Amino acid sequence: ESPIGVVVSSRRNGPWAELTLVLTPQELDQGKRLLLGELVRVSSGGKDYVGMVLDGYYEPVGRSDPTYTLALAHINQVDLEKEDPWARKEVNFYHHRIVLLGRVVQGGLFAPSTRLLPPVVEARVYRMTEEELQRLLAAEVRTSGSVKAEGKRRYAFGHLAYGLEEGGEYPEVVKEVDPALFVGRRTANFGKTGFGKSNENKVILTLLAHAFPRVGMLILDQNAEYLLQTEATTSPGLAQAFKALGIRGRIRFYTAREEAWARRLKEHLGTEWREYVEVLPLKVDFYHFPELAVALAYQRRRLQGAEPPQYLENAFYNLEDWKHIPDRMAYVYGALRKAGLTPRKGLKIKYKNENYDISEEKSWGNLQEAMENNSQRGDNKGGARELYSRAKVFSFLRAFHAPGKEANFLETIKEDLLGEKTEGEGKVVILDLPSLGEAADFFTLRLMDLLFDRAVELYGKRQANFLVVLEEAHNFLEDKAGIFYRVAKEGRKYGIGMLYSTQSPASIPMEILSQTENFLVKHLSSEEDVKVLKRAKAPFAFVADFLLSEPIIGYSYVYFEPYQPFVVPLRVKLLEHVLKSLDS
Amino acid sequence: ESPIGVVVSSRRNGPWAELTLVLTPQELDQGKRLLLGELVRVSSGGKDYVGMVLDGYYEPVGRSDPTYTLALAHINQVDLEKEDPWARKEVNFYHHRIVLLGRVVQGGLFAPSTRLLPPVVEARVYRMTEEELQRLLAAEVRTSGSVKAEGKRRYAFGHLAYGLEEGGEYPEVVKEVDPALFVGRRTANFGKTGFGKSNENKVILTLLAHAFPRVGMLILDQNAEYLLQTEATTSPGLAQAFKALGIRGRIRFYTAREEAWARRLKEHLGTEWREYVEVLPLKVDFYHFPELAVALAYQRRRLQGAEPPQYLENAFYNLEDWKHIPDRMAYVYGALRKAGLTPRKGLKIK
Amino acid sequence: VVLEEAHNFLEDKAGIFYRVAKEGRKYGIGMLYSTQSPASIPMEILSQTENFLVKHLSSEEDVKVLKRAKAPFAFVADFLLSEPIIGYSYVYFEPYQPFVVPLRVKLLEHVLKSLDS
Amino acid sequence: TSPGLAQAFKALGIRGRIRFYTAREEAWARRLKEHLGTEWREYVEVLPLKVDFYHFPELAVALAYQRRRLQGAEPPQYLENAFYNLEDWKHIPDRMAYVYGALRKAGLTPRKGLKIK
Amino acid sequence: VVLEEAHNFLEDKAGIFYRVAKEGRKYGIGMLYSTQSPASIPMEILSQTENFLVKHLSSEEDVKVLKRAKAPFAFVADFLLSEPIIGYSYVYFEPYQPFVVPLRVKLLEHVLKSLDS
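Residue numbers (the deposited numbering), protein chains in the order written: chain A, 3 to 586; chain S, 3 to 352; chain G, 470 to 586; chain E, 236 to 352; chain B, 470 to 586.
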């Protein structure tokens, strides 16, 4: 209840007002210290201001020579702490710099900065208490003289901390976050690898599922750390988090390794694991969907110089026309069978006028010979015949082919997220991208194009209401004509949110960064990464030096646009403690 | 075990916390000195910090005029050491700056930098011991309240040194690396030629080969230095190191001068050199891979303004299609034959 | 992949070596690249590099870009700029190393004599 | 609580000045009925936002030519030729037959009674 | 190979003399090239050079480039800029020479007289 020190000066340094505080020898003996980045209370003329410690330095006070006094005692082996108390009282001062961030007025409105500069005899500095700190983190910017809205329930996201220093942690001062900030808005996760990215991504997704049971998710799992993230560690995944919370029939898992994941799911979720996770195949029968086979081959590696062959281009554009002619479709099916794709039993074609059986080895030989008897003159050289002759281009499709499937998981996911009968009620979709091998990039881009077009059709009727979780976003957001770039720019108009994570803010386009609403930043060691962060968001200039020099795991700076007063340093809660708290 | 000097100032300079201390005449006469870049211990408030010596200079202490005093002592031919000791002790001070890197807490956790700034009357500076240095070099970053992870075996890489200055070499403080740091990640080697790049690269490759016998290497040797010892140097190559370590049948050497390299390998490794190194040709049959020849023609020098001919462009972009028409392949084979490339016996075209 | 004089290959952002250096971690391909001109290497590769071994550099731009890439290299700029010592290198292995460590590096002969024992 | 231009015009008594173009006429008409009342047709006029591409093929050609072009732009030659010579083609009927046939094969339903030569 | 007015042959990266300078050490071909403006030589060739014999330079760009290539030349930049002395040369042989040494070079007549004895 006493002032920390004495205010000796004040001024305005650019757009911010600052004051100088001095700690006396009597106070330093009692152990009174000020940490950097700490928030303090400044009282001047009946008004309370919000302050922050910026700098600390040593200056002589009065007519003293600290260097001569201290050096002389060392030479004479004089113990200042015990033998010469009067020489210790004249050099034991310390200075600090405090900025005035603003005020909390009315009913939680935050008035930024100030136009009144306090005189040195009217200003006092106090240490904030836990009750005051709780009301400070709830302050927010609204217009003027208006009533606070209140409303949706809030959830604890993390508690205030000032680094790893002893006494700088406040477990009871928690920042409560309304999960509505992550619905329909962009969220960026920055920081070095292995500093707490996955824990705070799973915490966000667990709060969204609990608070909003009608908002879906599309998780493109690149590192396989979202379904069962036990991963020989002790941090649970979303499937285990949902089991604890009692959420059933909301996770749909797509993978090409169904047997491997089913065994893992059984040993972690128990015998009843099918009530929480549904496993679906990512393999497709290319005989049922030959248009996917041509599209996959049309957009392959194309070593250095891009050389899309003419015969693939003709088949790519005119494959739908060929489906009405059984004569031409024989070459398409024969091309797939020649490459080595195993067909289902009983599959029959209608080459010429005789029905052949591709699945049978003897009849497949007769069809092969008949395709050479006709191919003895001009006939229809080109088009379908080119595919049959150059059928080695479909060799790589063997890994993705499963006879007798008729699934088309691309259409299944669209019905899961934007289906008419699947209206609301939530649906979490997790895709095992590594199991898709080299076709993961083709199917991910094709899926996003399919989902975005359906979201536009629903405009004026209902919103999409699903979130896109993207990992290593710098590989997808760097192209101004990419589908992910368009979603991150035009997705707010159709109720589509994005939670994209990357290790470097400098690799994201500045126009994408300037539109992101929520920022969660961890340790960054690159000068350009910090500079880009300060360029996009002005408030991040007060924590720029801390980010460069403090590799602390689990320590994050959060900022939610547009009505948050300042950047709050937080120690993000572990998912294990979130589950226990949500169990009440 | 006494403080090195007296701390006279402290502040924060950017993202780091620095302090200024003074060395007294008594300490300089006994030979107590601080090396630049040396790691020291800082005691403050019952806590230990790691500090690094960054700068040193000379500044007058008190109301003294060192220039006038020294100049007038020199002018009058006065031995300050044995004739006027008071004047000598009035000006024999030195100043040093030390930055605080962080703290070691729990069982080796490293807490970086500091949010707390020490008052000048309680801070003290001590020299580090070899045991403390060994403990400090083993510290690392981990979350909180956890134990060490340990695991795989480590191999010594080098020992701490503070330059070529005497007394700054610590052979007992070795740094041990885990070779898994080099598997699947990126490593950069910077420095001008002749200052130890090749030795470090060969040490890293030998450690990786010994520790991980399942990971291969593709070495692009532009200087012909990684296989055998270079002229005027006795530093062995990878073949000699593999022979010493007993690794057999893992090196496949590709060259266009197999005879000379075989002679050198017989000279160095001996009669049984074929159990360690396999020498292979570096030639391509261009009648079976005409695309290689077409590409080699298409990315020639093109001096000054580039001059890529149209026919070479269309060949480079349409050889795949031309491979299915006999006359185009006949023309290409005829061009190759007219160039001078002898074909294999019995080759027939259509 | 062991690559020498990497500034001739990593400069081209459309080249194969740039793509390898940027995306080889996913497929399990490692890179060890050596050069005496760090300033000609793109900042993305420098900032995403894990292990660093730095020796004497006779150019201010190289040391400046080294400091810009990683913050802990800010305390060893002058020593690198002014001291041509053979076999003396500053090492930094990411991501849990506190600071840059100066080392007199062992010779290959000593390493072999230690390994065979 | 901030009113739109339609509600402000209704408050000010300004009639027949707003012409609203949308592709969701039904939903916007529902919203206008909810907000402005039964006489919303005296203030706001809702009009479609569609084009008959069989009568304006230049719009279709311009739409196809200037599309997204992911990564580096790769404009096809035939699209450029059409984009620069459709006006000339308009005076040669059997060349226009190909354009109309392509539009038909795309899936654009035509009006009743359309004839080509 | 002894080359005069080297800036006319070393400008192009695809030239034969550029390739001889860049890759000629692996085959045992040496080069001694003379030019008046160091700023006309590409920085690759300048960084690949070992021996430097520098005389009076009056342009700031030349001395700036020379300092950028070789740091030890920053100690004699002003002397080079201000003193047109005939026969006065600063020598520096890489990579083990401590500092740049200023010399008055022996004339050919005196060299012949000394070598005869």
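We put the CB at the ideal spot given by N, CA and C, even for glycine.
For residue i: DSSP bridge partner residues
{"i": "A:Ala113", "result": "A:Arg105"}
{"i": "residue 417 of chain S", "result": "In the structure displayed, chain S extends from 3 to 352; residue 417 of chain S sits before or after that span and is not available."}
{"i": "A:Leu433", "result": "A:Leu222 and A:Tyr256"}
{"i": "residue 1 of chain A", "result": "No answer is possible for residue 1 of chain A: it lies beyond the span of chain A, which begins at 3 and ends at 586."}
{"i": "A:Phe192", "result": "A:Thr504 and A:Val523"}
Residue i versus residue j: straight-line alpha-carbon distance, rounded
{"i": "S:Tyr300", "j": "S:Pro292", "result": "12 angstroms"}
{"i": "B:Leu549", "j": "B:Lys524", "result": "7 angstroms"}
{"i": "S:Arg129", "j": "S:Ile6", "result": "7 angstroms"}
{"i": "G:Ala490", "j": "G:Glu474", "result": "14 angstroms"}
{"i": "A:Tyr358", "j": "A:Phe318", "result": "26 angstroms"}
{"i": "A:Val281", "j": "A:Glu440", "result": "21 angstroms"}
{"i": "A:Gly193", "j": "A:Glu83", "result": "45 angstroms"}
{"i": "A:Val101", "j": "S:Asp57", "result": "31 angstroms"}
{"i": "B:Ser528", "j": "B:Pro553", "result": "12 angstroms"}
{"i": "E:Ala297", "j": "A:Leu321", "result": "25 angstroms"}
{"i": "S:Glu261", "j": "S:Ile221", "result": "21 angstroms"}
{"i": "A:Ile360", "j": "A:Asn382", "result": "23 angstroms"}
{"i": "G:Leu526", "j": "B:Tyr487", "result": "25 angstroms"}
{"i": "A:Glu413", "j": "A:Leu419", "result": "10 angstroms"}
Local conformation of residue i per DSSP, three classes
{"i": "G:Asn520", "result": "strand"}
{"i": "A:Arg573", "result": "strand"}
{"i": "A:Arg252", "result": "coil"}
{"i": "A:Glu202", "result": "helix"}
{"i": "S:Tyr333", "result": "helix"}
{"i": "A:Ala89", "result": "helix"}
{"i": "S:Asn94", "result": "coil"}
{"i": "A:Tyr289", "result": "coil"}
{"i": "A:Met512", "result": "helix"}
So, does the region 277-291 of chain A touch the region 398-408 of chain A, judging by three or more C-beta pairs under 8 angstroms?
Put simply, the region 277-291 of chain A touches the region 398-408 of chain A. At least three CB pairs are less than 8 angstroms apart.
Evaluate the contact criterion for the region 237-249 of chain A versus the region 446-463 of chain A: three or more CB pairs, one atom per stretch, below 8 angstroms.
no
Residues, ordered as in the chain, of the region 473-499 of chain A that lie near chain E by beta-carbon distance below 7 angstroms
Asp481, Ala483 and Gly484
The region 310-325 of chain S: which residues have C-beta closer than 9 angstroms to a C-beta of chain A, in chain order?
Of all residues in the region 310-325 of chain S, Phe318, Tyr319, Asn320, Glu322 and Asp323 have a Cβ within less than 9 angstroms of some Cβ in chain A.
Could you say if the region 134-144 of chain A and the region 108-126 of chain A meet the contact criterion of at least three C-beta pairs nearer than 8 angstroms?
yes
Is the number of C-beta pairs between the region 474-485 of chain B and the region 304-323 of chain E that are closer than 8 angstroms three or more?
With the rule of 3 Cβ pairs closer than 8 angstroms, the region 474-485 of chain B does not count as touching the region 304-323 of chain E.
The region 460-470 of chain A contacting the region 488-508 of chain A, beta-carbon criterion three pairs below 8 angstroms:
yes
Do the region 566-585 of chain A and the region 16-23 of chain S touch if we need at least three Cβ pairs shorter than 8 angstroms?
no
Is it the case that the region 495-508 of chain G contacts the region 542-562 of chain G, given that we only count it when at least three CB pairs across the two stretches are under 8 angstroms?
no
For the region 556-576 of chain B, list every residue whose C-beta sits within 7 angstroms of some C-beta in chain S, in sequence order.
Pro564
Using a beta-carbon distance cut-off of less than 9 angstroms, what residues from the region 173-204 of chain S approach chain B?
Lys194, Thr195, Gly196 and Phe197
Going along the chain, which residues of the region 527-543 of chain G sit with their C-beta nearer than 9 angstroms to a C-beta in chain A?
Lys536, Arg537, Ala538, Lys539, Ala540 and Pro541
Would the region 153-169 of chain S and the region 200-219 of chain S be scored as touching if the rule is three or more Cβ pairs under 8 angstroms?
Yes, the region 153-169 of chain S touches the region 200-219 of chain S.
Determine which residues of the region 96-115 of chain S have a Cβ less than 8 angstroms from any Cβ of chain G, and write them out in chain order.
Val101, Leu103, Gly104, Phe112 and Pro114
Name, going along the chain, the residues of the region 497-520 of chain A whose beta-carbon falls closer than 9 angstroms to a beta-carbon of chain G.
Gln505, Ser506, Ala508 and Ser509
Do the region 35-44 of chain S and the region 62-70 of chain S make contact, defined as three or more Cβ pairs closer than 8 angstroms?
In short, these stretches do not touch, since the Cβ pair count stays below three.
Is the region 386-400 of chain A touching the region 331-343 of chain A, taking contact as three or more C-beta pairs under 8 angstroms?
yes
Taking beta-carbon pairs under 7 angstroms, can you tell me which members of the region 289-307 of chain S lie near chain B?
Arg303, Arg304, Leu305 and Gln306
Is there contact between the region 86-101 of chain A and the region 24-32 of chain A, where contact requires at least three CB pairs shorter than 8 angstroms?
yes
Which residues, taken in chain order from the region 40-58 of chain S, show a beta carbon closer than 7 angstroms to some beta carbon of chain A?
Cβ contacts with chain A: none found.
Going along the region 447-477 of chain A in order, which residues come within less than 9 angstroms of chain E, judged by CB to CB distance?
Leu447, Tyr461, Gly462 and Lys463
Stretch-stretch touch, CB-based, cutoff 8 angstroms, three pairs: the region 531-538 of chain A with the region 562-569 of chain A
no
Using a Cβ cut-off of 8 angstroms, which residues of the region 388-410 of chain A contact any Cβ in chain G, in chain order?
Listed in sequence order: no entries.
Along the region 219-242 of chain A, what residues have a CB closer than 9 angstroms to any CB found in chain S?
none
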